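Asks: Build me a model:
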Amino acid sequence: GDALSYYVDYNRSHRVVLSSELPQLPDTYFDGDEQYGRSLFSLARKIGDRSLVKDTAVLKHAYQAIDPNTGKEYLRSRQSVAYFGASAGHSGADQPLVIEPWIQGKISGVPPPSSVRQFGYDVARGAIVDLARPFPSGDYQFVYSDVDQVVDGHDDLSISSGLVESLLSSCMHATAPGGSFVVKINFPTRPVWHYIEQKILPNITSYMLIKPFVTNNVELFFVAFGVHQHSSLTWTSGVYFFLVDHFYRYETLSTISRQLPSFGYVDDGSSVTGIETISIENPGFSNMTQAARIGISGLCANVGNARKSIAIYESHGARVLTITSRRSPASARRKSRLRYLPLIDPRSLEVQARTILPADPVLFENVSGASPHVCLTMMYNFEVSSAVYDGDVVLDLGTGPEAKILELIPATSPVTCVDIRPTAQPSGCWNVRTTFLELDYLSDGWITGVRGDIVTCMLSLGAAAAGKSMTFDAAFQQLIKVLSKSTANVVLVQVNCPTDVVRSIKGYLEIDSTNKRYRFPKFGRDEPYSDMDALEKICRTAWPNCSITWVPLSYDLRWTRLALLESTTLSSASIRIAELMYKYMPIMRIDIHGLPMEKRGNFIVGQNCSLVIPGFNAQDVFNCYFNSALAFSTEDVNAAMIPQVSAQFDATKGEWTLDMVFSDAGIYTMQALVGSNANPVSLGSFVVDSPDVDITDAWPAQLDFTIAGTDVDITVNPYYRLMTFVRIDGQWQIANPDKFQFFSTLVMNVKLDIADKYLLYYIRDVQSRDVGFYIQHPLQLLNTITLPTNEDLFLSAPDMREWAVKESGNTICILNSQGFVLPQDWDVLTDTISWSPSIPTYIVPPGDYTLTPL
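Replies: Numbers count the residues shown, from 1 in each chain. Dropping the coordinates below:
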């Protein structure tokens, strides 16, 4: 299938970060075992042209970006384009593929450019020049570069990064001022980071990084906007978030592919994932005993719970029964848990009397890809297996008959799978304590005899919630009452509880907002749901010392380790559905013997938030996580990405306090370290909402229509930034840069004009790739400004209409009509004021003026 995309943009509120703090290309990148894993991934990839899927994706982000100084698009229709590194290639296309739809405007959301040029080392239809040196050419509104570096040794990083810096300076001169360019970087290095911040960033206005996911590598793209228009841009923490995930996905995937076999290999049972099969002779006209029974059962012990299939056919005078299946590392952990091999029921394999024609075994069979739900269960499965540790006993709850956990849990951990349907796994031959019991898990008075340490409720509560016509909270309340009797201390639950506004996944998940109900159309499964705040309350009644940690497992490709190693083909579309379907059905972790946490300040983005942490020793250290990463420590503090942090120790009582000012709307989780060996325990989690929408400002009792103007005071959370706009004739326009001046409370300098009385002025937020969606305040006070009769006034026409001015009710000169003449008492101001340079500005003697459009 298609490729995936990851990207970040310059959030203006983030902190200042220096270049050496950002990570770069790992030391162990170019190596023999590294080159194996990447190259294995490339051959197994099923895709058409990789150049087209990468280019159409990154071009789409470039266009849609919004200019604060314009209120509209960075890149304009029918602009001039330069293509660098143009590929004639070997497709027979004789030129880059994306270009011929890009001229025709066949791409959705991309208008045709004016003309396109081609340069490169091996372009067929363009001039062949060395792009690191000057060349005879014009100036372009857009530059696209796909240069690839060349490396044969780890010491070549000086030579390769030298090319990137050289190309950056040439694309600088190539772009006309106010334009844009994009540059692709194969190998991110710290000296590259040092080059970007010092030279190119101060010259540009805004930047964005785009990463498509096609082949398993660290390739990246970088874009610069508004060239030759000096500014004050620096690195941010949002950039740091982008890199740490971008590098980690390579780190996890390199190990996944290293454990896979070579392309076109030969199987003998050695490889951890592979093929295995056996054959029988003369079956179906008697009884299979001894080798027929032992061999067939012994195969099933090695393969486990995976798919199994048979073939029955005749060849060379021999009647054969064939079994083929695919092993996995997961099957290996089931293999050791057995104390000895169990035998099977051979009746079902005997009753056949027809020929089942065989076929060639395939390793990655299902080219259909995993479904979103099959991907969904894998993420839930993994977070359970990684949570369990050796020796810990488990109170498994709601598991289906196939009993997948025996593979998830370690081999030394005894557990029991209990439910309402009899199982199929054999019940006398395991090595450790393994039992199955059939009883309603919501019944009263059963757990008191059961022994367990960790509890897991996976997809179990949801269906029986609809089963007994209850709401989710009531069904959840019954489960809570039972486990309060239980001897266990760790509970992991998968809960129907959205973490965002209710949206229906079109065709995959349809939700009623009022009746708290779910509807899955692919399965016809109907379920109820509950609230995130309330479930916190339910826990607090059962345990005075209970902690909660809503963890967003999404954005972690560890689950894919289960999928790829099990030879279950993944698809891009299924993951994108799966990542969203987690948000509506997250997993809650409860620490029964934890310590309660308290929030005292106001947790709204941009406000001052504070936390209270009692009981910790002066040598103890606190740690914060956001998406399993860490840049926050009481050890460093100053390295924390969020701007304002203060952590103080108070030995008078035994309390710690923390002061935060979060510039991101993220969910943060806490960790605490006790002792010089640092034993970690899980603390609470808190959610910070978007900054206050509210706005309040003061307008002076006596105005000031003079040259120096009057001041206006505004109080806003510092995330938003106010710009002045005018809405005329279905479009939004931006006024003069010097008439309205915003600076630090948010204090205004505003010049007063009579045109303000007849125009309408708005305020919008522009700090993002959007303008005007969260704060949008009209100035009706500027619509009706009282004009003192003794005070001098300015004037400037709103537009070229038949404007007409009457003085105290008496007519004088018309405006915007062929042959306007300045009155015998007015003046022309030095500079134009209105929302157009093509509008002149006049200085008028005091009076009572009335304007009229004709």
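Asks: isn't residue 679 right next to residue 621, touching?
Replies: No - in this structure residue 679 lies outside contact range of residue 621 using CB atoms under 8 Å: 11.7 Å. Every residue, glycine included, has its C-beta placed from N, CA and C.
Asks: Need the overlap of contacts for these two.
Replies: By CB atoms under 8 Å, 6 or more residues apart in numbering, residue 679 and residue 621 have these common neighbours: residue 673.
Asks: of the two, who's got more company?
Replies: The residue with more neighbours, out of residue 679 and residue 621, is residue 621; 15 against 9, by other CB atoms under 10 Å.
Asks: got the contact list for the more buried one?
Replies: Counting by CB under 8 Å, 6+ apart, residue 621 has contacts 633-635, 672-673, 678.
Asks: Just the buried ones from these?
Replies: 633-634, 672-673 (16 or more other CB atoms under 10 Å).
Asks: Take these and write them to TSV, including distance to residue 750.
Replies: Formatted as TSV, the buried ones among the contacts of residue 621 follow (distance: CB to CB, whole Å):
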residue	distance to residue 750
633	45
634	45
672	51
673	53
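Asks: Go through those and flag which are in strands.
Replies: 672-673 (DSSP state E).
Asks: how about the buried ones among the contacts of residue 621, which pair is most distant?
Replies: 633 and 672 (12.0 Å; CB to CB).
Asks: Mutual contacts of the two, please.
Replies: With CB under 8 Å, 6+ apart as the test, residue 633 and residue 672 both reach 621-623.
Asks: just curious, which of those residues is nearest to residue 335?
Replies: residue 623 (38.4 Å).
Asks: is it fair to say that closest one lies in a strand?
Replies: Yes - assessed with DSSP: H, G, I helix; E, B strand; the rest coil, residue 623 lies in a strand.
Asks: Can you tell me the SS state at residue 102?
Replies: Per three-state DSSP, the secondary structure class of residue 102 is helix.
Asks: so where do the strands sit in the stretch 301-450 of the chain?
Replies: Counting by DSSP state E, counting those that start in this stretch, the stretch 301-450 of the chain has strands at residues 308-315, 318-327, 394-397, 415-419, 434-438.
Asks: For the fourth one, which strands pair with it and how are they oriented?
Replies: In the sheet, strand 415-419 lines up against strand 394-397 (parallel), strand 434-438 (parallel) (DSSP bridges).
Asks: In CSV, list the C-alpha atoms belonging to that strand.
Replies: Extracted in CSV, the C-alpha atoms of strand 415-419 (Å, rounded to 0.1, in the frame of the first residue of the first chain):
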residue,chain,number,x,y,z
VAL,A,415,-1.9,-17.9,35.4
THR,A,416,-5.5,-18.9,34.7
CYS,A,417,-7.9,-18.1,31.8
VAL,A,418,-11.5,-17.9,33.0
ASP,A,419,-14.8,-17.2,31.0
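Asks: which SSE is the residue nearest to residue 776 when sequence neighbours are not counted in?
Replies: Distances taken as CB to CB, 6 or more residues apart in numbering place residue 764 nearest to residue 776, at 5.9 Å, with adjacent residues excluded. Assigning secondary structure by DSSP states H and E places residue 764 in strand 761-765.
Asks: What is that strand packed up against?
Replies: strand 722-728, strand 776-778 (3 or more CB pairs under 8 Å, 6 or more residues apart in numbering; DSSP states H and E).
Asks: Extract the C-alpha trace of it and format it as PDB.
Replies: What follows is strand 761-765 as a C-alpha-only set of coordinates in PDB (Å, rounded to 0.1, in the frame of the first residue of the first chain):
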ATOM      1  CA  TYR A 761     -11.900  45.800  11.600                       C
ATOM      2  CA  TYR A 762     -11.400  42.300  13.000                       C
ATOM      3  CA  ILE A 763      -8.800  40.500  15.200                       C
ATOM      4  CA  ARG A 764      -7.500  37.000  14.500                       C
ATOM      5  CA  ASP A 765      -4.800  34.600  15.600                       C
END
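Asks: and stretch 737-747, how far out from the chain's middle?
Replies: Stretch 737-747 sits 35 Å away from the centroid of its parent chain (CA atoms, centre = their mean, to the nearest Å).
Asks: Tell me the buried residues in it?
Replies: Under 16+ other CB under 10 Å, the buried positions of stretch 737-747 are 739-740, 742, 746.
Asks: Any idea how far apart the tips of that stretch sit?
Replies: 16 Å (CA to CA, to the nearest Å).
Asks: Name the surrounding residues that touch that stretch.
Replies: 711-716, 721-722, 724, 748-751, 753, 831, 833.
Asks: okay if I get the contacts of residue 621 as a markdown table plus distance to residue 451?
Replies: Shown next, in a markdown table, are the contacts of residue 621 (distance: CB to CB, whole Å):
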| residue | distance to residue 451 |
| --- | --- |
| 633 | 39 |
| 634 | 39 |
| 635 | 41 |
| 672 | 29 |
| 673 | 31 |
| 678 | 31 |
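Asks: Of those, just say which sits nearest to residue 246.
Replies: Using CB to CB, the contacts of residue 621 come closest to residue 246 at residue 633, 22.5 Å.
Asks: ok, the closest one touching residue 640?
Replies: Yes - if you go by CB under 8 Å, residue 633 and residue 640 touch, sitting 7.4 Å apart.
Asks: Determine the residues that are contacts of both of those two.
Replies: Counting by CB under 8 Å, 6+ apart, nothing touches both residue 633 and residue 640.
Asks: Check the secondary structure at the most far-flung residue of the chain relative to its centre for me.
Replies: Largest separation from the mean C-alpha position in the chain: residue 824, at 64.9 Å (CA atoms, centre = their mean). Following three-state DSSP, residue 824 is assigned to coil.
Asks: quick one, strands of the stretch 51-200 of the chain?
Replies: With DSSP E, counting those that start in this stretch as the criterion, the stretch 51-200 of the chain has strands at 66-67, 72-73, 80-84, 115-120, 127-128, 140-145, 175-185.
Asks: So what touches the last one?
Replies: Contacts made with strand 175-185 from outside it, assessed by CB under 8 Å, 6+ apart, are listed as 58, 62, 74-75, 139-148, 164, 167-168, 171-172, 174, 192, 219-229.
Asks: what's residue 577 in contact with, if anything?
Replies: By CB under 8 Å, 6+ apart, the neighbours of residue 577 are 372, 375, 505, 508.
Asks: Which helix or which strand is home to it?
Replies: Assessed by DSSP H and E, residue 577 sits inside helix 572-584.
Asks: And that helix, how far out from the chain middle?
Replies: Per CA atoms, centre = their mean, the centroid offset for helix 572-584 relative to its chain is 11 Å.
Asks: C-terminal to it, which secondary structure element comes first?
Replies: Beyond helix 572-584 in the direction of the C-terminus, DSSP H and E gives the next helix or strand as strand 587-591.
Asks: by contact count, what packs against the longest helix anywhere in the chain?
Replies: In the chain, taking DSSP state H as the definition, the longest helix is helix 237-258. In terms of contacts (3+ CB pairs under 8 Å, 6+ apart), helix 237-258 is packed against strand 4-9, helix 32-44, strand 206-213, helix 558-565.
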